[PDB]
Structure formats: C-alpha cells, structure tokens
Amino acid sequence: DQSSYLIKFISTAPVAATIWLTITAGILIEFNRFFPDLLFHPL
Amino acid sequence: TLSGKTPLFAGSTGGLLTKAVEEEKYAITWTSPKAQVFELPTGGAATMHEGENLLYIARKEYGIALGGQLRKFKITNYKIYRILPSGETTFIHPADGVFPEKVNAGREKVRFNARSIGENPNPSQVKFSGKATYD
Amino acid sequence: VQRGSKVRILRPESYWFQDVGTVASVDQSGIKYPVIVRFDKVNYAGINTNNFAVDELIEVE
Amino acid sequence: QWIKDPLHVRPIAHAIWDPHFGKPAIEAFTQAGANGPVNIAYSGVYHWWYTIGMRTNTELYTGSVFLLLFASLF
Amino acid sequence: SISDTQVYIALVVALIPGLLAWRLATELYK
Amino acid sequence: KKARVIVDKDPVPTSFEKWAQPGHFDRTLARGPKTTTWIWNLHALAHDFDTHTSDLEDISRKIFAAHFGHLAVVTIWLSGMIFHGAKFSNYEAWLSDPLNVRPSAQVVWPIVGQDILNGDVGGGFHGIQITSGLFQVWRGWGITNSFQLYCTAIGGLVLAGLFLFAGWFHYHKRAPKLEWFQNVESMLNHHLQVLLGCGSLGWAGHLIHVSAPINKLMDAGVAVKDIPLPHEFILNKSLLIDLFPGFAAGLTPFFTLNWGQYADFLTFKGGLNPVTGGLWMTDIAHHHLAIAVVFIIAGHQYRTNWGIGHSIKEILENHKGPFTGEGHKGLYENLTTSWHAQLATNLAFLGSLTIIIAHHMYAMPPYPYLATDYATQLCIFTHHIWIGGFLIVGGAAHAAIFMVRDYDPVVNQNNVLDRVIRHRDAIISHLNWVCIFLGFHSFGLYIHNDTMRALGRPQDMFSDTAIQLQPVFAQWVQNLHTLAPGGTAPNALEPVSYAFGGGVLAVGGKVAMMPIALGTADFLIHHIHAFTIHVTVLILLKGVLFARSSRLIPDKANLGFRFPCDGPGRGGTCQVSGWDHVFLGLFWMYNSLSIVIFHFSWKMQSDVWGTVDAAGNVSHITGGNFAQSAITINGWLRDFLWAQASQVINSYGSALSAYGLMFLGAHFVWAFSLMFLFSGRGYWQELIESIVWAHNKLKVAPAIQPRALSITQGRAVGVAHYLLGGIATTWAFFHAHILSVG
Amino acid sequence: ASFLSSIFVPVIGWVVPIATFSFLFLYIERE
Amino acid sequence: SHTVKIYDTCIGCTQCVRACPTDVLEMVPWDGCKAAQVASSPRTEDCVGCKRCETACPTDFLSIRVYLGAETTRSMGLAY
Amino acid sequence: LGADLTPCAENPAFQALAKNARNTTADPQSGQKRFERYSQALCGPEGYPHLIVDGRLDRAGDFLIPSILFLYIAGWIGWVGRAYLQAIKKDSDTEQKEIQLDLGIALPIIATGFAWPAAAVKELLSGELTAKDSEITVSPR
Ligand code: CLA
Ligand code: CLA
Ligand code: CLA
Ligand code: CLA
Ligand SMILES: CC1=C(/C=C/C(C)=C/C=C/C(C)=C/C=C/C=C(C)/C=C/C=C(C)/C=C/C2=C(C)CCCC2(C)C)C(C)(C)CCC1
Ligand SMILES: CC1=C(/C=C/C(C)=C/C=C/C(C)=C\C=C\C=C(C)\C=C\C=C(C)\C=C\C2=C(C)CCCC2(C)C)C(C)(C)CCC1
Ligand SMILES: CC1=C(C/C=C(\C)CCC[C@H](C)CCC[C@H](C)CCCC(C)C)C(=O)c2ccccc2C1=O
Ligand code: SF4
Ligand code: SF4
C-alpha cells in the first residue's frame, strides 16, 4: 500500500524531526508573537 | 640467474633511484601466456611479453603489488628476488615456493605468544629489564 | 554452556566484556576457544561473533 | 633615576644593539632618559628590588656577581 | 652606571660558572 | 553510426516503497543501520551513482534525471528571486530614482525585534538591501512594472514544474539508452547551435526589440509610466523608428548585405553609456547577434547523420607530435566512457569561466546603474570568484576520481595522459620549486617591507617611493588597449574598459569606472596570486597524478579515491588519497581567493571608486592608501581588516546589525572547525565510550551504537565549517562595509 | 664598556651559532 | 624493524597474510584452532607497519599485533 | 541585592531607555509594554534588568519559576525518549525503529510523558532506573 509507505517516510528520522521541530519552532514563534519580551515570569 | 625480457613501455620517473645501486634492488619475474597491457607499480601502462618477463623494482612492496595485479591476469608463477650491490640475487617470494596464505608443512611458528592479548604483563613489571610486554 | 544459551563475557579485552551474547555453537574438540558466541551489537570492526573459552563465559539464562 | 620618581620614570630592561635599525628606529627606542636605544622593563624587578632595600646600581651589581658564584657552587 | 672595571670583573667571574657548566655537561653526558 | 532517439519504456516503476527504505540504493546500506556511521554513509553515498550499480546505462539515466531535478530547484530559486522582486521589493521606486533609492527585495517579519533589519532603503520602503544585482538585471531586461515580474515568476514556476516532470519522465517512464548519451557530436552540435547559438540569437532579438528601446527612453529621462510597453515597439513601428532610424530600412538590408543600415541599433561604441555607467544596449545587441552567428556556424562542425562534419575521435587521434607519443589517442574513450572525466573537464573550465566573468563584469559593467552600485559590484565579483574557485577544485577532485575508478591502462598507453603519469615526479618537483620560488619572491618581499618599515628604513622597502617593482608588461598591455579605439580597433569609439585607460567616467556624483593604475603594490599582489594559484595546483595536480599510486603506496588505486591513510607504517601515510589532496586544495583555494577578493575590495576602494567634484577631481573611498599600505602585512591588517571592519563591529542597534551577528557567528563556525581539523577519531570514540557507559547505566543506550565520525568525515566536517566560517566572515565584513561607504 | 655590545652581539649572532651548528653537524654525522 | 606477534586467539582465517603488502606473514601448521593453521611473522624485517593485517583480523580482540619499533629503510618504505 | 541595583521604576537610566523603547512585534505598544513589565525587576546603573537567581521568593520569576518549567519539559523529553528506546528494544528490528519511528509505539509514550516525575520516582525506588555495574560493558583497567 502507498499510504503505508508515505507514513513510514514521514516517520523517518529527518522528516519526523523536520515536522516536529517546525511545530516546536511554530509554537515558540507564535507564543513570542502574542506574548513578546518575557525575560522572567511576572509576580 | 634472472631470465626474462624487460616489458615494453617500462620507462617512467617512478623507477629505480640511487638506492638500487648503493643499498638494494628487487626483481619480479613471471611467465605470461600472451602479450598484454598492465599498470606499472609506479605509474605507466607497460606491455607484458608472451613468455618470461623481468621487471626491476625499488621496493619489495612494488613486487607484491604487481604480483596482486598479475593474479587478476590469471598469473601465479611470479617470483620476487632481492639483489644486493655485490650482485647477490636472493629468491624471497614465495619463500618456500608455496604462497604464504596457503599452509605448507615444514614452516615453524615465528613470534607466536601462547596467550590471549589481554594476558600480556604490565609495563611496570618489565621496567628497567631488556624484555618488552609482548615478549 | 551449549547452543542457544545466553552467556555474559568475562574476557576484559573483549568489546562485549560484561555484555550478553548467544552461544552459536561449541566445537567438541581440544581447541582453547571452542564456544562461538554471537552478539546483537557489532564491535568497532563491525563483526558480531567471536570465539571464547568456557572459563571466559557465565551462563545467565 | 627610577628610585627618585618611581610613578613617572620608565624602568629600563637592557640596551638595544641591533645593526639592522635605521636612525628613525634608534630615535624611537631612545626613551626613559637613556643615551641610546633601550627596552622598557615590564617584569617589575625595579619595584621588587626597591621594596627589598636595594638603592644603588653597585648593590644590584654585587647581587649579580654573588648569583654567578651561587650558580657556580650548584 | 657601574664602571668599565666592574663589567670586566663580572665577565671574568662569569667564566667560573661557564667552566663548571662545561664540566657538569660533559659529566652528565657520560 | 547514426544519432537517433532510442529509449527504454517504463524502466523503473514509480512507488513510495523505496522512500520508506533508507539506503535501498547501496547493497551494504540496504541491510540497515548497526552503528551511527551508517547514517553518515547514507548521505555520503546518496549521489555516488557509480557505487549504486555497475551498469553505465543505468548511471547515465540517473545523472540525466538528477539534472532535471537540479534545473527544477534552480528555476524555483530564480522564480523566487523574481517573485520577491514583484511582491516584496522597491523595484518600481528604484526605476524612478536609481542613484538615490537602494535596491531591496527581502522584508523581515516583526518578531523578537528582528524588524530592525527592515532599514530605510529609499522609495518609502523598509527591507534588507539586496546586493545580488537583480534590479540592474531586470532594468537591462527592460522590465518596468511588478506585473511583468509576476508573469516571469509564474512562467518560472511552470518551467520548474516541466523540469520536475522531465526528470521523472526521463527516468521512470522514457529513459534514454547508453547509445543516446554517447552521441557527443550531436550533443555538441545541439548545445552549440540551439542552447548557446539560438539562445544568443533569441536574446539579441529581445535586446534589439525590447531592451534597447525601453532603456534608451529611460536614459532620455522619460517617466516609467510614460514609456510604452515592450510589445508597443513591435505593434507601433513609428515609436521604434523615432529611437533607432535604422528600422525604417526594414529587413531587406540584412538579406542584401547592406548591414551599415543597422549601424544605429547595432553599434561598436565601446566604453559605457554616460547616463547609466553600464555597457551600451546597442553594443550588447550586436555582441549577442555576432555570438549567435559564430555559435550556429561552430555547431555545424561535428558529424551527426549526413557524413559532412568532423568526428572528434579522428581529430584527437590526429593531434600527436614528436614529444607526445600517441598524443590525444584514447582520450575520446576516457571522455565518452567516464562521467567523472566529463565532470572533471566541465567543473575545471566552468570554474575558470566564472572567474573570467567576475573580472569582465566589474571592468565592463554590462547592466544599467551597476558600476555606481559599489555594494552590488563588490558582492557579484566576490560571489563569482568563490563559485569559480569551488568549481575548479571540483574539477580536480573528479579528475582524481576518474584516475582511481575509470582510468584504463589499455586505452591510455603512450598517450598524453599515460606520458604525464610517467614524468609526474618531474612535473610535481618543478611545480614544488616554482611554488617555493614564488613564495619567497612574492610573500618574502612583504616580510622584507614590514621589517624595513618597522626598523624605520622606508628607503630600503619595495615601494613606488623606494626600490620600485613596476609591472611594466601589464602597464604596456593597458596602453595597447587604451590606444586600440581608432588604431588596432578602428571602428571602436572608446576602449572596451575604462580600467585599461581613457577618462574617469562618472554617473551621479560617483565614479562608474576609471583607469586602474598598476605599480609596486599591484606587482607584489599579482605575484601573490601567481603563488597561491601555483600552490593550489601543486596540491590538486599531485592529488590527480598520485591518486592511483606513488613511491610510498604502490596499490593506492585498490585502497580507492577516499580512504583516510594506509596506517602509521612507512613513517605514517596520513592523507595520501586523492580525496585528501582535494581536502588540502580547498584550504589553499580558500587562501588564494581570499587574497583575490581582498585585492579587488581594497584596490577598487582606494584607486577606482569614490565621488567626483564638479571640477572633475576624484575623492576615493579610502583616499589612495593602497600604494603605500598594501606593500606590508601590517598595512593589510591595519588599513584593510582593522579599518574596514569598523562598520560590521559597530552595526548593532541598526539595520546592518544582522551582518554584525553573521560576522561573529562566522568567526565561531570557523574556530569550531579547528576542533575537527586538529583532533582525531581515536580521542572522540574513547570519549563516546564513557558517555555510552552513562546511557547504559540509566538504560538509554541506543540500538544504533554511537561512533565518532570517520577519519575522512572528520576532515570533511573540518574543511566544511572552516570554509563556511571563513567565507561567511568576509561576506558579513564586505556587506556591512560596502553598504555603509559604497 | 658599551663597545662590548659591538663584540658580544655579533659573536652570539654568528660565531656561536656557526661553531655550535658546525660541531653538532659533525657530531650527528660521526659514524 | 617493527615486531609482529601472533596470539593463541588466531582462528587461521589467513586474512592477515592476504592483506600484508610486503609478505611478512604466512600460515603454518597448528592444532590450536579448527582451521588447523596459525599466522606467523618470519619476515618482520620487511614489515612497514601499515597494520593492514590488524584491520584484516576478525577476532576480538586482535590475534595479530604490530608494535612499531626501530625504523629502517625497509620499515620507512623508502625507494631512495 | 548588590552592585548599585535599584527597582527599575526608580532608576533614571531605565525611564530614559523606556522613552525610546523599540517595538519588538507588530504591536505598536510592544516597546512600552516591555518596560512596563520590566519596571518590577531590579535594574543596574545603565538601566538593564538584572536577574537574582539565589532562590529569593520575591524574585522567583527570575530563575526559580523558569527552572521548574524547564526541568518539567526537559524531563518529559528525556523520559519519553528513554521510554521509546526501552519499548523498541523488546522488538526484533530495534535499529530500524531508531531511524524510522514506530508512531504506534511513540505517540502513546509522548502523550503519557506529562506524568514523568511519578514514573521516575517509581522506577528509582524499584531498582528499574539503572543497570548493575557488573552487567554494563567497561574498558580494561
Ligand atoms: C556539478 C557539480 C558536481 C557534481 C554533479 C558532483 C557529484 C559528485 N561528487 Mg563532486 N565535487 C564538486 C562538484 C560536483 N560533484 C565540487 C565543486 C567539489 C569541490 C568541493 C567536489 C568535490 C568532491 C569530493 C571530495 C567528492 C565528491 C564526490 C561526488 C560524488 C558523490 C557526491 C555525494 O554523494 O554528495 C552527498 C552530499 C553530501 C555529503 C552533503 C554535502 C554538503 C556540503 C559538504 C556542505 C554544504 C554547505 C552549503 C554550501 C551551505 C549551507 C550551510 C547550512 C545548511 C548550515 C558525485 C558523483 C564524492 C565521490 O566519492 O565521488 C565518486 C567525493 O568524495 N565531489
Ligand atoms: C602562515 C601560515 C603558513 C605558512 C607560512 C605556510 C608555508 C608553506 N606552505 Mg603551508 N599550509 C598552511 C599554512 C602555512 N603554510 C595551512 C594552514 C595548511 C593546511 C591547509 C597548509 C597546507 C599546505 C599544503 C598542502 C602545502 C603547503 C605548502 C607551503 C609551502 C609553500 C612554498 C613556499 O611558499 O615557501 C616559501 C616559504 C614561505 C613563504 C614562508 C615564509 C618565508 C620567510 C618570509 C623567508 C625566510 C626568512 C628567514 C630566512 C627565516 C630563517 C632565519 C632564522 C632561522 C634566523 C610554504 C613553506 C606547499 C608546499 O610545500 O609546496 C612547495 C604545499 O603543497 N602548505
Ligand atoms: C644576530 C646577530 C646579527 C648581527 C649582529 C647582524 C649584522 C648585520 N646584518 Mg643581519 N641578519 C641576521 C643576524 C645578524 N645580522 C639574521 C638572523 C638574518 C636573517 C633574518 C639577517 C639578515 C640580514 C640581511 C638580509 C642583511 C643583513 C645585514 C647585516 C649588516 C648590516 C649593517 C650595515 O648596514 O653595514 C654594512 C655591513 C657589511 C656590508 C658587512 C660587514 C662585514 C661582514 C659582517 C663580515 C666580514 C667577514 C668576517 C670578518 C668573517 C666572515 C663572516 C662571519 C663568519 C663572521 C650587519 C653586519 C645586511 C648586510 O649588510 O649584509 C652583508 C643585509 O643586507 N642581515
Ligand atoms: C532519550 C534520549 C536521551 C536521554 C534520556 C539522554 C540522557 C543523558 N545523556 Mg544523552 N544523548 C542523546 C540522547 C539522550 N540522552 C543523543 C541523541 C545524543 C547525541 C547528541 C546524546 C549525547 C550525549 C552526550 C555527549 C552526553 C550525554 C549525556 C546524558 C546524560 C546527562 C544529561 C545530558 O547531558 O543531556 C545531553 C543532551 C544532549 C547532548 C542533547 C539531546 C538531544 C535530544 C533532545 C535527545 C533525543 C530525543 C529523541 C529524539 C526523542 C525521541 C522520542 C520519541 C521517539 C518518543 C543523561 C543520562 C552526558 C553524560 O554522559 O552524563 C553523565 C553527556 O556528556 N548525551
Ligand atoms: C527570463 C525567464 C523566462 C522567460 C524567458 C523567455 C520568455 C524566453 C523566450 C525565448 C525566445 C522567444 C526565443 C526565441 C528565439 C528564436 C530563434 C533562435 C530563431 C531563429 C531563427 C533563425 C535561425 C532563422 C532562420 C532563417 C529562416 C527561418 C528563413 C530565412 C533565413 C534565416 C537563416 C534568417 C522564464 C519564463 C522561462 C522564467 C525564467 C526567466
Ligand atoms: C536551589 C537553588 C539553587 C541551587 C541548586 C543546587 C545546588 C542543586 C543541586 C543539585 C544536585 C546536587 C543534584 C544532583 C543529582 C544527582 C544525580 C545522580 C542525578 C541523576 C538523575 C537522573 C538519573 C535522571 C534521569 C532522567 C530523568 C529523571 C528524566 C529524563 C530522563 C533521565 C533518564 C535523564 C540555585 C542557586 C542554582 C538556584 C536557586 C535555587
Ligand atoms: C568533535 C569531533 C567528533 C565528535 C562529533 C560527533 C560524533 C558528531 C555528532 C554530532 C551530531 C550532531 C549528533 C546528532 C545526534 C542526533 C541525530 C540528534 C537528534 C536530536 C535532533 C533531532 C534535535 C568526532 O567524531 C571526530 C572524528 C574525527 C575527527 C574529529 C572529530 C571531532 O572533532
Ligand atoms: S593518525 Fe589517523 S590518518 Fe594517520 S595513520 Fe594513524 S589512523 Fe591513519
Ligand atoms: S591473525 Fe587474525 S587474520 Fe591472521 S589468520 Fe589469525 S585470526 Fe586470521
């Protein structure tokens, strides 16, 4: 099956890393877009 | 004693230096079924003759290397000789006529240690003695 | 030890020293290292088998 | 000279005798009130020797000749 | 500075460890 | 035999199966990873197609399909550049005011304060100032609006799509047989006549019909909106007649050899357009027409299917003389059976060509408002020198790979290749000597000068004001090229370049180009170039000539192209492989080109570039300090590196801050490289053992056993980070400096 | 006494090296 | 010259002998392993110290070792 | 605490910097909002927020809170990573599951990684965290 082959390719180290670190970067960039300049947790 | 004609296109700047005259020289003889092109030890495409070929070489490694190439030409009758400045030719490979990778009766074990490599003494034990830890 | 027995290595210069290997075969003869032990992980040369003496092995299974 | 004004005088290490120097270089290295070209000392030996009670070149000299004989003894 | 004489004494005194340094060096080579 | 289209149908079925099977292509890698060395080997061997399969036909198909892949990514890139021009640039503002507005086609997003990089570049636009010269290219193309760029960008994305399809199609669906590929005569004919000849004729067409008219109106100070669209010059002839009267004559003068009737739009002016400081479009038009004719003629040389034409094999075989035995016999087989022999050639000569392009483009700025854009000038010169230098070293690498893998003794017996192998000791010994001679009598003069200046002996220096070393030959050639127009080039008005001589040409307040006078500092730096090129060649030539064997390792060809050594024996045999000569040649290529771009940068800033007073007096960027400073290493350290690094180090809190960060980042990457270059695998494997112990202790030891990088990878990683760090440093340096002063 | 610099610096520069390198060369090549 | 010692862990695979570029090594009769042959180093005067034999050896740890000793013309691999 | 530290809202150097505060993001008040937040920090003479990392509760936001949040996320990553490695070791083609992730195994582990401190304590107090020194490969001494 060709679906199973794509999923295996997506789950391969460099592709899996790329998707995961893109999501991690995306989360960090957007948090800093909506909540910039957090040098410390305010009290 | 060394019979064989020098291969065609055997000339290059990679050949014998003054060592060949002063210290030692090597020869490699072989019988070829047919005239065919072969790469020389130190560069250049030489031509073997049909029959006995003699090539002078600076180092024994040249002979063993060429020997390996002659095996690819289905030739296993190659003999390497060391030649001293006094003209003392000595047949050195294969030593006893049989190739060293093949087992031959009459050969004794040289530099054999009847132990695992882990069972060597510590350098401290053989300190200020003549012997080494691998003796 | 015999064929299939999991063994830990006691040879200190062995790559697999204190690692578990499976006994592939035991040569029934007078040779010093009769037990052929296979390993899951390869050594630095990339081999995964080696001959050991019975005294160099501890059966764990 | 350095004894008299230790905060302003530059301590001299040794003389320069270099045939390869041009006149501009000789002028450039003529410093710390020297008559010829000299190297300024950065080892703090002047400060050390002054602190421990040496006040004259004769005392420094006597120190050097003693240390030759002390080296000789070893 | 120090006199020309003092410089000449220092040089002559410096021949002593010069000689003994040679003797030690030759003895250490054995 | 006859050149013909012959392909296999459906040779490789298309499926994602092998996408899910990393290392499928190599038999060794197919078994799977046991150590982390496997993961590196996967990438290292990925495009080494000769190791995939023995079949030359299958290799040829892979190479042909891969090329469609590389054409697709380059077209995506070129389309992206043009799209970024259409959407995210001040191109239209820059057209209206080329001298004042600063080209910018990259806008940064406002996040973590990086919007500072969107500086005031003019034309009421905020972005990163671009140094790629795209605006000067598009102006030369006669593009006058964003819509024309959008069309061109989309056109590119369609061409990139077509190139992807082609690569898939010509591999998976209709793959040419080896017969097809080995039609070198047909390929040369089609590539000379169509690719280069018809491309140049086509482009002459565009220049003559679109670029020359639109540029002529823009140089006449006509507003961009008021200029007619390029098709209006074809549809409305009257508009084109008004600019170039020669079009009144029509196409009859072409067919009746009355070519003087086109003397107004096909010129041999020489020099530069005084408005733009670029080459004349009418000169460029005639160039591309003349090129096109010479190429279309040239590409009828090689015999295809009609008997007429040369066979290259017969040409090569006939070129032998009394020094060269069989001469060029057997080289046709080398170049038609080895892809590495072709890649060696094409990298060596494309690399050499890219350096020629670098030189020819600064001296004869071909685009409008390039010459005065000192940032673009410096950057495109430096860029194309670097690309040139890498390609040349690639040439040498693939020459060595050919010698190890694809060299046949039988084909190459007593030919030029065979005979160079037989005196390789005489070649390398002589090249070794000339390298030492050049080193002493080039660099040693700088050390002499440094020492004399330091000893207060300027009269004893090698300088214009002391012991002179005038480059009399280069001075004589400059004169001949300056006297050429009217003399040995009668129908030239100006010299080809103002660099050779003639007057200072100035556009706006700034010098477009003026004569580049050569003295002692120019003699010294030229002999440094000769030195650093001869040493790079020594390393690379030694690599290729001793790849197969040496007096040390007779069977080096058996060890292969890329092996770390043959062990600590024979005194030690570290870096004997042809690969390791490429590794060492890269550092020397880097050293060589660094001094070339430094030479260019300082010489142009001190002696060429600068402002021009109304009276006509030229005030240079560094006030002609090259002559007296560039004759000592201290002068290079102080007046070049220290002096001109002020802009990059003082860039924080400004739009150039990024170059300040790149400058440090690059210094770091460079220093990081020394860890890999100075150390060895043994240390790192033993350190990994202890780290693996701790992971074993907490039961997090990976199944794929960690290994220190291979000896070769250590060196590959070393030289990679060294070149990246070193080149990136100079890149950040050049930009920050020239975007401030230039 | 300054004149001693004109004697000693050339001796330490030329005479001592030549004498030392000459002897050491003859010593390392002695069979 | 270099010293090449063989250890009793040898399995008589002959790979060291085949690897050797200066015919230092040869196989000799032995009762110690199943192959009934052991590596020997009769011609260590011809050993260059390349350690190709050690790279060839499949035993863990190695059954052949090269200890680099006094360098000679033959051991330095000099053709001059 | 020490070395000319004042509250940022009292430091003249801070107010001077706040008046010319650069907008970090597209929000045109982002520059002012930054200095409004940083006003509660301790500023040095030059008017830059200095962080106090000695475990002072009134400065818990400086290092103590970031520390707890990092250790919780880093520990998650490490535990999930360790969990997966131990999971694939019980299978046949373990090396292939390293370079080619079994998402069927990985995603459940990733999901349950929130409870890593409980899992880490449980496994520490079961002798299931570490292996025996005698059963781990070592170099000859
Ligand atoms: C058209 C140009 C061209 C082509 C088609 C080839 C093709 C080939 N080369 Mg040749 N080569 C070239 C140019 C080219 N090369 C140039 C310019 C050089 C000089 C550097 C070389 C030097 C060279 C060497 C020394 C070797 C080859 C080898 C090969 C073969 C295998 C390559 C491979 O698998 O890479 C796989 C790809 C990688 C390992 C990744 C490379 C990444 C590089 C090192 C850094 C990229 C950094 C980038 C510029 C900046 C981004 C940084 C950022 C990501 C942080 C293949 C036949 C190899 C061979 O064995 O031939 C049979 C080999 O050993 N090439
Ligand atoms: C500053 C750093 C430096 C220097 C000075 C050298 C010098 C040299 N390299 Mg090396 N190289 C270097 C860095 C350097 N390299 C680095 C980092 C690498 C790693 C990539 C290499 C890798 C390398 C390769 C692969 C090769 C070289 C070669 C050379 C030699 C080229 C021939 C020559 O020019 O001789 C002339 C000598 C000089 C220019 C040195 C300075 C001479 C002074 C100014 C004159 C002498 C003054 C005085 C008499 C001193 C003695 C007096 C005193 C005792 C009282 C030269 C000796 C090549 C070679 O050997 O071919 C001939 C060669 O193939 N190098
Ligand atoms: C360490 C101590 C040292 C000393 C004291 C000197 C002294 C001198 N050198 Mg320098 N030199 C040295 C090291 C030294 N050198 C080193 C290591 C290098 C290599 C980096 C050089 C490289 C160098 C160059 C390239 C030159 C000098 C020159 C000179 C002379 C310049 C003075 C002058 O202008 O009058 C003029 C003085 C003369 C014309 C020579 C006077 C008579 C000579 C010294 C000897 C006469 C014969 C002698 C009695 C017996 C045999 C010689 C020897 C065995 C003592 C001066 C004699 C310059 C020179 O004049 O060369 C000859 C010159 O061109 N030197
Ligand atoms: C599950 C993964 C994991 C875990 C739990 C550990 C745990 C540890 N590492 Mg190891 N390490 C790992 C992966 C891991 N490492 C990887 C991939 C590398 C190659 C870069 C290393 C290289 C390494 C070195 C060089 C050292 C350690 C050390 C250590 C110990 C001290 C903490 C530390 O220094 O972090 C170090 C962290 C790194 C070097 C970066 C880790 C990279 C990522 C974030 C981890 C991999 C996550 C993985 C992809 C997640 C997949 C999960 C999914 C399939 C479900 C600790 C036992 C040290 C030690 O021995 O202490 C006694 C030490 O010196 N590690
Ligand atoms: C930039 C760009 C682009 C575009 C481009 C284009 C648009 C092109 C075109 C092109 C063209 C448009 C071309 C054409 C050409 C043509 C030619 C080349 C022709 C020729 C002709 C001839 C050769 C002729 C002949 C003759 C005849 C027919 C008859 C009479 C006689 C005579 C001889 C005259 C794209 C989108 C891709 C994207 C990327 C970039
Ligand atoms: C409070 C505080 C402080 C201090 C601190 C300290 C001083 C600490 C200590 C600490 C310590 C002294 C510690 C130690 C430890 C030890 C050990 C022994 C450990 C181990 C560990 C482990 C075993 C882990 C594991 C894991 C986990 C848990 C998760 C992930 C994965 C892994 C597996 C990695 C400071 C000032 C900074 C800040 C403020 C506050
Ligand atoms: C530092 C150094 C090493 C050690 C460096 C090594 C082993 C490289 C390892 C670094 C990479 C980046 C490890 C990557 C591991 C994982 C793939 C990362 C997974 C997590 C991401 C997805 C974030 C050598 O092995 C070496 C070998 C020969 C000569 C010199 C040197 C040398 O200098
Ligand atoms: S140091 Fe490294 S490269 Fe040199 S011989 Fe030893 S293993 Fe080979
Ligand atoms: S020493 Fe090693 S390679 Fe040589 S025969 Fe014995 S086991 Fe085989």
Side-chain angles (χ1 to χ4, degrees), chain F residues 428-451 528 531-532 534-543 563-577 580-591 633 674 677-683 694-695 697-700 710-712 714-715 718-719 722-723 726, chain G residues 13-14 17 21, chain H residues 49-51 55 68, chain I residues 51-57 59-60 62-68 71-83 85-86 113 116-121 123-124 129-130:
Chain F
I428 294 307
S429 60
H430 277 71
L431 187 44
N432 183 279
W433 164 77
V434 78
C435 284
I436 300 167
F437 164 83
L438 282 170
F440 284 135
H441 300 80
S442 72
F443 180 64
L445 302 189
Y446 284 84
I447 297 309
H448 172 103
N449 280 357
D450 271 279
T451 304
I528 291 284
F531 169 54
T532 58
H534 273 86
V535 173
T536 316
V537 171
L538 171 59
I539 295 155
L540 296 176
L541 191 50
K542 176 165 177 292
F563 66 95
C565 58
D566 199 20
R570 298 173 269 240
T573 64
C574 311
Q575 295 175 11
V576 288
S577 83
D580 290 298
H581 290 66
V582 173
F583 160 82
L584 293 177
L586 281 166
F587 290 97
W588 265 96
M589 184 266 293
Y590 172 76
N591 187 47
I633 305 311
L674 303 185
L677 293 175
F678 295 175
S679 69
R681 204 194 103 81
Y683 173 85
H695 286 77
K697 185 60 181 164
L698 285 164
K699 304 154 72 154
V700 286
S710 88
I711 297 169
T712 298
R715 293 169 185 166
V719 71
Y722 194 105
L723 292 179
Chain G
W14 290 91
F21 299 149
Chain H
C50 69
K51 293 177 166 283
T55 311
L68 298 185
Chain I
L51 304 184
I52 313 300
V53 308
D54 57 2
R56 220 167 283 270
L57 283 178
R59 298 277 161 234
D62 290 4
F63 192 69
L64 187 60
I65 289 171
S67 289
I68 292 159
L71 284 175
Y72 182 66
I73 298 157
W76 188 321
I77 295 164
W79 200 255
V80 155
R82 179 161 180 285
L85 277 179
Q86 289 182 195
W116 75 264
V121 171
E123 197 157 335
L124 177 68
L129 186 69
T130 75

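Lettering follows sequence order; numbering is per chain, from 1. Atoms within each ligand, like the ligands themselves, are counted from 1 in listed order.
- Within a radius of less than 2.8 Å around atom 4 (Fe) of ligand 8, the protein N, O or S atoms are F:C574 SG.
- Per-atom contact check: atom 47 (C) of ligand 2 does not touch the protein, criterion being a heavy-atom distance below 4.0 Å.
- In this structure, atom 5 (C) of ligand 2 is not in close contact with the protein, since no protein heavy atom lies within 4.0 Å of it.
- If you take CD1 on F:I633 and CG on F:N449, they are separated by 9.0 Å, rounding to the nearest 0.5 Å.
- Residues F:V719 and F:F587 have side chains in contact (heavy-atom distance under 4.5 Å, counting atoms from C-beta outward).
- Of the residues listed (F:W588, F:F440, F:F437, F:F443), the one engaging F:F531 in a ring pair (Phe, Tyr, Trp, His ring centres under 6.0 Å) is F:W588, and it is the only one.
- With a 4.5 Å cut-off on side-chain heavy atoms, F:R715 and F:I711 count as touching.
- There is no protein heavy atom less than 4.0 angstrom from atom 2 (C) of ligand 2.
- There is a protein heavy atom less than 4.0 angstrom from atom 42 (C) of ligand 2.
- Taking CD from I:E123 and CG from I:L129, the interatomic distance works out to 5.5 Å, rounded to the nearest 0.5 Å.
- Between I:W79 and I:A120 the shortest heavy-atom distance is CH2-CA, 3.4 Å.
- Under 4.0 Å from any atom of ligand 6, one finds heavy atoms of residues F:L698, I:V53, I:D54, I:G55, I:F63, I:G75, I:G78, I:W79, I:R82, I:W116.
- Residues F:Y446 and F:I528 have side chains in contact (heavy-atom distance under 4.5 Å, counting atoms from C-beta outward).
- Taking the side chain as every heavy atom from C-beta outward, I:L64 and I:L57 approach each other to under 4.5 Å.
- The shortest contact between atom 40 (C) of ligand 2 and any protein heavy atom is with F:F443 CD2, 4.8 Å.
- With values rounded to the nearest 0.5 angstrom, I:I73 atom CD1 is found 9.5 Å from I:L71 atom CG.
- For atom 33 (C) of ligand 2, the nearest protein heavy atom lies closer than 4.0 Å.
- Scanning all heavy atoms of the two residues, the minimum distance from F:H581 to F:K542 falls at NE2-NZ, 2.9 Å.
- Counting protein heavy atoms only, atom 3 (S) of ligand 8 is closest to F:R715 NH2, 3.2 Å.
- For atom 15 (N) of ligand 2, the protein comes within 4.0 Å by no heavy atom at all.
- Of the listed options F:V535, F:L586, F:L677, F:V535 places a heavy atom closest to atom 63 (C) of ligand 2.
- Only side-chain heavy atoms of F:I447 come within less than 4.0 Å of ligand 2; its backbone N, CA, C and O stay farther off.
- Atom 24 (C) of ligand 2 is flagged as protein-proximal [any protein heavy atom, distance under 4.0 Å].
- Ranking protein heavy atoms by distance to atom 59 (C) of ligand 2, first place goes to F:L538 CD2, 4.2 Å.
- For the pair I:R82 (side chain) and F:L698 (backbone), a donor-acceptor distance under 3.5 Å is present.
- The closest non-hydrogen atom to atom 29 (C) of ligand 2, taken over F:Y590, F:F437, F:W588, comes from F:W588.
- In plain terms, the two heavy atoms of F:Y722 and F:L677 that are nearest each other are CD1-CD1, 3.6 Å.
- In terms of protein heavy-atom proximity, atom 45 (C) of ligand 2 is nearest to F:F440 CE2, 3.8 Å.
- The minimum heavy-atom distance between I:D62 and I:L51, with the atom names listed, is OD2-CA, 3.5 Å.
- Shown here, atom 36 (C) of ligand 2 is in close reach of the protein: a heavy atom of it lies under 4.0 Å off.
- Proximity of F:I539 to ligand 2, defined as any heavy-atom pair under 4.0 Å, is confined to the side chain (atoms from C-beta onward).
- I:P117 is listed as a side-chain neighbour of I:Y72, based on a closest heavy-atom distance under 4.5 Å.
- Under the side-chain contact (heavy atoms from CB on, under 4.5 Å) test applied with F:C435, the options F:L438, F:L431, F:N432 reduce to a single match, F:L431.
- When hydrogens are left out, the protein atom nearest atom 60 (O) of ligand 2 is F:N432 ND2, 4.4 Å; that is the closest non-hydrogen contact.
- The minimum heavy-atom distance linking F:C565 with F:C574 is given by the pair CB-CA, 3.9 Å.
- Side-chain atoms of F:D566 do not come within 3.5 Å of backbone N or O of F:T573 as any donor-acceptor pair.
- The heavy-atom pair separating H:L68 from H:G49 by the smallest distance is CD2-CA, 3.6 Å.
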